[PDB]
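Protein chains in written order, with the deposited numbering: chain C, 124 to 275; chain B, 119 to 275; chain A, 120 to 275.
Following this line, the structure appears as structure tokens:
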């Protein structure tokens, strides 16, 4: 794929950035440089209310980026660490899964479409509650953060 | 298609300190006229502003590329609550109040929003009245006429 | 959203606009020969003093308006200025506009420089062929009112 690029800080992967619908996304709270020259060169617009920074990607990339959708029917989804579950407008992964450095990774439905970008999470029993950003019907950004959520 | 939205309020730096805030509403840039400093945003900090001393506001048109990404505004102020950076803002009998101990110098310039996200006022100052703090602000009436309200013994922020 | 306050006001007479009044630096000005009521309650209730020699009636504008009134200036370099109907030329000490421009109902209108400052208030004019010379009150160095009226000028 390679539509997700690790953000380097000091000397490690402090997070991830990704390209969706011709837009570059990056978690605001995640400091560091993207491991890609073009992307790391783009001036971003800060959206602190959603803990996101974004920028238009050059035309010679637009079509070759993640596709997105507001369609979030309850059920199962996927992401780098395995399966994700969506129920009651909340995304969750198995307990113990998800941690620092995972901010930025997207969540995908069967069709490989990005339905959300992860910002953080927190342990709730035998499940990990996720803080994410999504998109509604009108195409507006919506953010949902679980109680006592930790930033990854 | 996507309809992203980014920050619409910016800190006004003065001598390396935050002295107020500027924001963009209805395709315009505003900043409290009594606040000294430079907008922490190159593009906006360079625009030429026109003064409106009657409202303690300085303003300028926002470029074509920024027009779609600015606060929408309204005159609609039914009684109840609204919100701003520091929390809930109550509006009753033509006056916006917040809890005592909330709001101080440095907050002038910040906007007050209704639940739909529209700006119903811009803060200019305040003064404590008992357990509440009455706010000085710029609002808009039905005709589109900019109106300013300043509480007795108000202090500029 | 309206940020700028109106600084000119139509003078009504039998339903028709007979001229204009404007507010400059804390003062209302009105062409003395123009009869009618200023179309603004506050302004119309003001008592005015007359300066016949200048064909101007004037009063102190309410303090709550002083804040957004026209700023005047004496600086009148030759070139162009503007007024409601377009460009106004200034040369050889007199303002002129094109024929077909300037008529009854235009007295009281201001002429502004590009910085939005008032350099003159029109009181009338007279066509002189391809151009129409204007009658006006201006301001000199000491901020003193001065008047200029073309030969056979008519009070619009």
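The beta-carbon is built from N, C-alpha and C at its ideal position, and this holds for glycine as well.
Report back the beta-carbon spacing between residue i and residue j to the nearest angstrom; my notes put them in contact at under 8 angstroms.
i                      : j                      : result
residue 157 of chain A : residue 130 of chain A : 6 angstroms
residue 274 of chain B : residue 226 of chain B : 6 angstroms
residue 228 of chain B : residue 193 of chain B : Not quite, the Cβ-Cβ distance comes to about 19 angstroms (not below 8 angstroms), so this is no contact.
residue 140 of chain C : residue 162 of chain C : 6 angstroms
residue 121 of chain A : residue 262 of chain B : 5 angstroms
residue 239 of chain B : residue 216 of chain B : Actually they do not touch by this definition, with Cβ atoms about 12 angstroms apart.
residue 132 of chain B : residue 147 of chain B : Rounded, the Cβ-Cβ distance is 17 angstroms, inconsistent with contact.
residue 178 of chain C : residue 124 of chain B : Not really, about 10 angstroms apart at Cβ, beyond 8 angstroms.
residue 126 of chain C : residue 189 of chain C : 5 angstroms
In the DSSP assignment, find the beta strand (DSSP E) that holds residue i and state where it starts and stops.
i                      : result
residue 246 of chain C : 237-247
residue 137 of chain C : 135-143
residue 170 of chain B : 168-170
residue 213 of chain B : 213-217
residue 127 of chain A : 127-132
residue 231 of chain A : 229-231
Under 7 angstroms Cβ-Cβ, which residues of chain B neighbour residue i?
i                      : result
residue 177 of chain C : 122
Could you work out which residues of chain B lie near residue i, taking near to mean beta carbons separated by less than 8 angstroms?
i                      : result
residue 187 of chain A : 170, 171, 172
Starting from residue i, trace the alpha helix (DSSP H) both ways and give me its first and last residue.
i                      : result
residue 163 of chain A : 160-163
residue 182 of chain C : 182-185
Name the chain C residues that come within less than 9 angstroms of residue i, Cβ to Cβ?
i                      : result
residue 119 of chain B : 144, 262
residue 125 of chain B : 168, 169, 170, 171, 172
Sort out for me which residues DSSP pairs residue i with in a bridge.
i                      : result
residue 265 of chain A : A:257
residue 208 of chain B : B:199, B:215
residue 250 of chain C : C:217, C:247
residue 147 of chain C : C:142, C:178
residue 191 of chain C : C:237
residue 274 of chain B : B:243
residue 121 of chain A : B:263
residue 156 of chain B : B:131
Closer than 7 angstroms by beta-carbon distance: list the chain A residues that pair up with residue i, in chain order.
i                      : result
residue 258 of chain B : 120
Does the Cβ of residue i lie closer than 6 angstroms to at least one heavy atom of the ligand FAD?
i                      : result
residue 193 of chain B : The ligand FAD is not part of this structure, which contains no ligands at all.
Would you say residue i reaches chain D, if we count a Cβ-Cβ gap shorter than 7 angstroms as a contact?
i                      : result
residue 264 of chain A : Although the question refers to chain D, the structure presented lacks it and instead comprises the protein chains C, B and A.
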